[PDB]
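In the structure tokens that follow, a single protein chain appears in two forms: structure 1, then structure 2.
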Structure 1
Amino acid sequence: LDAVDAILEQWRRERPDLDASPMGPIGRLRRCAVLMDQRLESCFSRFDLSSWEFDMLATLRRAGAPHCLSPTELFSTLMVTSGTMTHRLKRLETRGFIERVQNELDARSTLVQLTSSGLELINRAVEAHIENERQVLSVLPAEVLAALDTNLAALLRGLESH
């Protein structure tokens, strides 16, 4: 048994009138995601990056040269969505990783361009990030990791179809 089985056993004792079985899968998902985040940010911290900072920089990098995206395009291609980007983009601009250039097709619009400093940083960070993620998943059998990847895609399909 694990810590989520112990929690389900606590609810079998405290609220026997309720069926708390849906807590199982969701609890393990959220518990794994928090522990996974600690493993990832232990690598991101070597570059003075948070998780959202790496996400925004890697998203601009994935767009290809000249690594310039609109805020709408940037938001839609992030690995994980979140709240507004106003303050997060403002901090990345202060650190010199991104610059807000004026859209040539609309003067009253702005575009997000990865600077040459953020480009050199994100190219080094993505290399260490990939190797770090490989070490984390390395402890699982290949058949289990492939099944978890497929079952997570099924869960993601239902969440985004909502």
Structure 2
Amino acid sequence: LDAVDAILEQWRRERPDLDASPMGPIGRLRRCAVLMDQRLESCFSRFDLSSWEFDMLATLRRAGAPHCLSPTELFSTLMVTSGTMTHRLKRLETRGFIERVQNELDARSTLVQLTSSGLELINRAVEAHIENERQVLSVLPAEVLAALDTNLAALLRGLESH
């Protein structure tokens, strides 16, 4: 049995009038994600990085040289508000990971670009990150990892549709 099976048992005893089967799939998902974050966050700390600081540089890096994106691009992709993004940017700017370049095509726009410092950090952090994930999923058998990828995508399909 799994920890989700436990909570279902509790509800099965306390409210037998309900069918809590949906809580099964969804409960496992949230817990998995929660634990998974803990694993990945461990490795990021090895680089003196928090989870969000990594997401920023990975987004800038994966864009492509010159690795320059807009605050709006950033928060639109990272699903955070603008005030959130402002705070993030000022921090990374002080940590010399990003520089601020003024948009020559839109005066209400101040771009964010990777510094040489930041470009090196993320370029090896992405290397560690990948292996960290590879280690985690190695517990699963091939068929299992295969099925999970296929199935989660369908779930993402349905969710993104709505």
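Numbering for residues begins at 1 and runs along the sequence of structure 1. For the two forms, the rigid core is made up of the largest set of C-alpha atoms that agree within 1.5 Å on superposition.
Of structures 1 and 2, which is the form solved without the DNA? Looking at both copies of the chain, structure 1 is the one that matches the description.
How many angstrom apart are the two C-alpha positions of residue 63 between structure 1 and structure 2, if you fit on the rigid core? C-alpha shift for residue 63: 0.9 Å.
Any chance you could measure the C-alpha shift of residue 20 between structure 1 and structure 2 with the core superposed, in Å? Its C-alpha moves by 1.1 Å once the cores are overlaid.
Angstrom displacement of the CA atom of residue 77 between structure 1 and structure 2, core fixed: With the rigid core fitted, the alpha carbon of residue 77 is displaced 4.4 Å between structure 1 and structure 2.
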